[PDB]
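Residue numbers (the deposited numbering), protein chains in the order written: chain Cd, 419 to 482; chain Cb, 2 to 102.
Ideal Cβ placement from N, Cα and C applies to all residues, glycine included.
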RNA sequence: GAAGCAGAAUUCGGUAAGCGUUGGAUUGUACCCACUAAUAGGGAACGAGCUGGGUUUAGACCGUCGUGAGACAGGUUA
RNA sequence: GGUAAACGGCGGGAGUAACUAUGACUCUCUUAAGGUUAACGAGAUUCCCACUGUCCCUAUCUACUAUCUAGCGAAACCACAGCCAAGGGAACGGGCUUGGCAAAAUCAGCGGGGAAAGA
RNA sequence: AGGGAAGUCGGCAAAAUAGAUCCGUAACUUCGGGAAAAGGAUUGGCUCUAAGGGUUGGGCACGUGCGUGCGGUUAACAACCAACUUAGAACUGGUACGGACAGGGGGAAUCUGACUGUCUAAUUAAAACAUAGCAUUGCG
RNA sequence: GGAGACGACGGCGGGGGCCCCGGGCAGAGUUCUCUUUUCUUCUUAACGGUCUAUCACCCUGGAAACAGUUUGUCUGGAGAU
RNA sequence: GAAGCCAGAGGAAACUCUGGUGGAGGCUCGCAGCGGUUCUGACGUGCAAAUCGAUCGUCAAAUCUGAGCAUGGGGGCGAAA
Ligand SMILES: [Zn+2]
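If you want it as structure tokens, here you go:
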């Protein structure tokens, strides 16, 4: 859910995943040489949080 | 200080030339095309802060203003004031012209 | 040489070792990808060149076993 | 009798049965824990940017050697010696057999073999 | 040179970073840190400007150079002396300005030991030992 | 009773010595050009006399409108300035 | 850049914030010293029966170290190999 991601990263207003990773990189300082955001490293951080449960998510049970 | 001085003269480390900078200053189309040759999201400050004369992008307006106070920018000022070296100047050095009838 | 083998691309077989038979990914532990004419198989080791595992002196930890010193179904580090 | 921050170990009760110890057999409860991992490290592992002769694929330069000369000058090792092919039942051959063959005396390298690891 | 880990068990080795001033700095956290995080802008020479100090010195009235009784805080002024920092500006060379020397590569994670410390002199420096903290035992 | 007789660390102040700068005498060097130039000697022991030197102590006096004061906040009606 | 201390702005007070001062820490970069991480290192009948180079750990202390003394082998001593 979007509000969980916004509460987790204190970050909001993105239009897509690319802009989300870019603003997360600019906020967290994940920058390459020349002020270029590290979208690969930020995506790896997000995936690590997703599988380690820092980001809350679940699969809803089937309705009877 | 210059980063990685030993491979500064490699072709992959080449910088923009002064005649190209004069063309960017005179015509906004040349500067425009040089800007679509770059990705805007991968530039410092989202490509919003740029010195045409030094051909360099900066992270902030205060960074650009601090850049304008230093000596590399003033050397670029004096080089642009003297004028870049071009093919027409090269021909005029040897006294060579073009006959178009 | 033969095959519904029209052509193109082949398939099966014969003489032939003259000449070639590559570059990579993956160690939570041999198969994939691409180029190429093709990426054929072996011997001279497996009846004191160098370097990674089987592999294991001395230090240490965890698991199993033992009253114990210690040993090992084992796993890791130097 | 007590004792588990002793070593250890991971359930209890009832029915049945009635010397002693056992077991077997049913029945029934079956639970401590749900909505600070920082800092530091010549510790072990994976990845990203930068960076480069790590590599494609090697090339060139310098100093000291190695080389030659004057002087000085050992050691390891050493049954005897050192070209191969085939056979030599004891899957060994440098000497034996049968062949190939085979020409003085030397210098720089080389690491196949012999030799060489306080082996 | 061009490519930039395609090399290799493995980025081994090498390269890159590095001084100082300024902008800026995330997650996490025992709130102390992390942190020089990350990511950026500059740095020569010459000629100037500005700021930051010290020492000495106040006027009358009497008695006799002294003492007193006063008066007065623009000394906010004069004279003399003195050294190193800091900031700003113009000009100028450039391929380079911490010009030699000196001098962090950085980041995302995981396991591990709390940390500082110690040991197998002559193959192992470590999750080993020690450590504070915790708990128990014996003794009047 | 005192001296003998006593830890480690931090900033500050005094003194000796060394370093640095200026003038003067003498000597030396450079001098195509420049440099009233650069370099060298210019010292004063133990032991004594005399005049001074932080802390501390003494006398007068009695402090709020609190004061004195160190880079560092200590002191003062148990008597400060 | 820890306590302590000064000034200013608020707050009835307690306290809160800002700018300083201060110089603590088995803190940290790093020279000497001490130690001994890494290199397909040098060296391998060596300079050396353990040396040499670059790199590395630590560097105000559980730091380094001399001399005098004590513990003596079925013993000592051991931050324990
Ligand atoms: Zn500019």
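Reduced DSSP category for residue i - H, G, I as helix; E, B as strand; rest coil
i, result
"residue 81/Cb", "helix"
"residue 449/Cd", "strand"
"residue 428/Cd", "coil"
"residue 44/Cb", "coil"
"residue 70/Cb", "helix"
"residue 8/Cb", "helix"
"residue 473/Cd", "coil"
Host alpha helix (DSSP H) of residue i (start-end)
i, result
"residue 95/Cb", "88 to 95"
"residue 61/Cb", "Taken as a continuous stretch (DSSP letters only), residue 61/Cb belongs to no alpha helix (DSSP H), as it is neither H nor E."
"residue 462/Cd", "457 to 470"
"residue 23/Cb", "19 to 27"
"residue 50/Cb", "Taken as a continuous stretch (DSSP letters only), residue 50/Cb belongs to no alpha helix (DSSP H), as it is neither H nor E."
"residue 454/Cd", "No alpha helix (DSSP H) holds residue 454/Cd; DSSP gives it neither H nor E."
Within chain Cd, the residues that residue i reaches when beta carbons sit closer than 9 angstroms
i, result
"residue 60/Cb", "453"
Per-residue contacts from residue i into chain Cb (C-beta, under 7 angstroms)
i, result
"residue 440/Cd", "42"
- Query: Which residues, in order along the segment 447 to 465 of chain Cd, keep a beta-carbon less than 8 angstroms from a beta-carbon of chain Cb?
  - Reply: 452, 453, 454, 455
- Task: Using a Cβ-Cβ cut-off of less than 8 angstroms, give me the residues of the segment 30 to 57 of chain Cb that come near chain Cd, in sequence order.
- Result: 42, 43, 44, 45, 46
- Item | chain Cd contacts made by the segment 83 to 94 of chain Cb, where a contact means CB separation under 8 angstroms | none
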